[PDB]
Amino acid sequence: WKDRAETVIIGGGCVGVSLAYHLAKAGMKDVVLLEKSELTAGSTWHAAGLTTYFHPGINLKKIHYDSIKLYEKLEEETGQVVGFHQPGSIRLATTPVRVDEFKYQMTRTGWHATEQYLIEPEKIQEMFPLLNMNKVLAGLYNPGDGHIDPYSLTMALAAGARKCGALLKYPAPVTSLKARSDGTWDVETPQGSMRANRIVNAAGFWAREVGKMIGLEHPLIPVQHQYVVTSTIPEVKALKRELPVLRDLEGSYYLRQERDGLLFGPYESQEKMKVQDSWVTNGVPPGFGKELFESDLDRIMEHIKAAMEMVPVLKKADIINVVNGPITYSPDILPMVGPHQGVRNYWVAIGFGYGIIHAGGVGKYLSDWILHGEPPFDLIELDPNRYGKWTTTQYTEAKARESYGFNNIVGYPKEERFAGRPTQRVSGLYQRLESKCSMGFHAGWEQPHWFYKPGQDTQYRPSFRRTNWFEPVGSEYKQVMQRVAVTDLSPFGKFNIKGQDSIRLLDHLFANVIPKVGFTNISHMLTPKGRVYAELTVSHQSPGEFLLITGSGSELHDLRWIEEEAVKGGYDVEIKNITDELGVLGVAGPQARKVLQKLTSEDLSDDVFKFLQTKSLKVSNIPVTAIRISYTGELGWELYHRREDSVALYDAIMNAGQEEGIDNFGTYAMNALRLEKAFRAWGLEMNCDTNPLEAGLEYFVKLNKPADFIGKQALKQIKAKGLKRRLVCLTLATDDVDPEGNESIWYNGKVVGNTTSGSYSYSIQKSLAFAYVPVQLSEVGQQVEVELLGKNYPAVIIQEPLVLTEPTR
């Protein structure tokens, strides 16, 4: 038993062993896993074992995929029987809105290896004989997946792990972690102490518990979930093939073949289900493990009834087992995966809702991150720092109670959920604007989506096609192009960075040149291999003092990188996160100057207040820092101010521009605006998937700036070889629907790429999409076909930009 570990993993469940297997197979030395009692003693052993190629999301299709592919090679690897049953999986549409969901999911899977099929009821009768075909309209089918034995899965990964040099001590629970100023760790088991260069928390529902050992709120809550096992069924025994795993979405239950009977479990109402609040307040009772909850069948009876109806053999069969167990839910049901910001060398893999299908893939992910220094592909959706102080256990219970219940609701585009809202993270502006718009949840913040025109509909109305906020966004669009309008942009991520090494810090953290004093420019942080880890505004205020602006979802994601690089290069700087004390305000449109000039004594002429210049001034004797910048592409300023002034400032500006007919606007409006200027959004046109040259960002990337910035020589290798694909811009005539991004694009039979984002263009009266395509298909004038809701629409690459920006005009 060694006293210096390279990587220590707290957890012997199936996600901990996943990481040990992959880290050790990758050749990491001294991998050490510490478990409280025994492997699989957590949630894992009792799991229903369902493993599907299917995911509603986008990049999570790759986690599921990487898992399934590994799980196959695993008997062959270890000598052990993992218990992988692979009949296929089939989600049922029983309503027509559900057929629509399937068409929307299929266009999103087309540009993925994940092989997926929209199938007829005839192919489901042949596939699942005992099924009631009476209301079934269609099915979503993935061949090559099904379920697996969690025990046999975990043990098989351990044998792979041990065999490649991972040491798996148990029982040896951590009782104490102490951070060391040199970035290492001190772990404390009842066996003794040891030092790991990094630590990985994979402690299931104890994750929150262990996180506190180094003073962290991990927003996780154990949830009660039951499933049911029947006795043998004669018609089930009589089938020659194994039934494919079903999901009657409209009943909200999954079902599968267990031996010669049926295993099924529902997701009860968010009002009906139970959570382990007591375990967050008091912590998990010690001496818990290899252990279940008392069943509560009566609370899911409504759902059993439905199950009996879709599959009538159940009406006769008998129940053998009711497994009521705990699962670790984060607020949005997604796991928290990656290095935790604020603490050095602490990674997490916690809050897994679907840990058995996620384990393999998440293990290859984290491991490829540890051993490379950057994520292999982009999963900011899974990023552990997407939460914050606002993610209080109050909120954490509410939305998690929702994520459960909403497991099988219809996955709409621009989906909105209201559990736990609003949060503590709100600008003074919120209370002003709430009564007059639809507020979209972004990173805890409440920020408007679209503003209510009077006499027109204001209910929440999601759809796969154009919906009730269509023309209001048009009026908003028309508003900013004609006059002047104000949007709230307080959610931005905001970093101030002063100190002696700061230009040495930013000049290597960024690919663009460092802006002259009193200026701003758009800069990207590349990963060492060349992907766009982040885009953000670099404002240069006092010589050597910088203000960094970024997106609300990409705030702590981006800070973490800046912090770590300051640590690695041993930079002498100071970085504070001023994000919450500042409110932001965009004022954009032709009339911005006429309106803002009358509120300030500062000269706002185009000659005097240049584009991208930053300046300190007072708007109505309210101290503000104004940047001549706008994501709209229209004449405009961003006014950064203290959170208290937001109302007083907003009011002054509204009052002021009443002469020019000033009005409000929001993000939905803002999308349509920027897309016409062909502006790229990080996380959309670009993220860790993409490098800046192929995303058409050559403009912001000075490959001959003297500094060997993070990612330079990588890029120089890309530029030298030449791109394989390039980001283009398309228009298309649609009927009733617009693209939003992640729709597949077709050329003469094959799928050849995808759209990253879309919108209707209110000025040319067509639709607009950004898209990745082969270079042979990337010329201006080139036609492609874009899959939108089951129908292919012809689209054609235009010369970008559609609308010139005010300075270029």
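Residue indices: 1-based, along the sequence shown.
Mean Cα B factor from the PDB record: higher for 147 to 155, or higher for 473 to 481?
The stretch with the larger mean CA B-factor is 147 to 155.
May I ask you to compare 665 to 673 and 316 to 324 by their mean CA B factor in the entry and name the higher one?
Averaging CA B-factors over each stretch, the winner is 316 to 324.
Which one, 432, 442, 598, 163, has the peak C-alpha temperature factor per the PDB entry?
That would be 432.
I'd like to know which of 56, 27, 774, 758 has the highest C-alpha temperature factor in the PDB entry.
Each of 56, 27, 774, 758 was compared by C-alpha B-factor; the highest is 758.
Taking only the Cα B-factors deposited for this chain, tell me whether residue 781 sits in the lowest, middle or highest third.
Residue 781: CA B-factor falls in the highest third of its chain.
Lowest, middle or highest third: where is residue 805 by C-alpha B factor in its chain?
According to the entry, residue 805 has a C-alpha B-factor in the chain's middle third.
Taking the entry's C-alpha B-factors for this chain, is residue 10 in the lowest, middle or highest third?
According to the entry, residue 10 has a C-alpha B-factor in the chain's lowest third.
Using the B-factors in the PDB entry, rank residue 752's C-alpha atom against the chain and give the third, lowest, middle or highest.
Ranked within chain, residue 752 CA B lands in the middle tercile.
Ranking every modelled residue in this chain by its Cα temperature factor as given in the entry, which third contains residue 173?
For residue 173, the deposited C-alpha B-factor lands in the lowest third.
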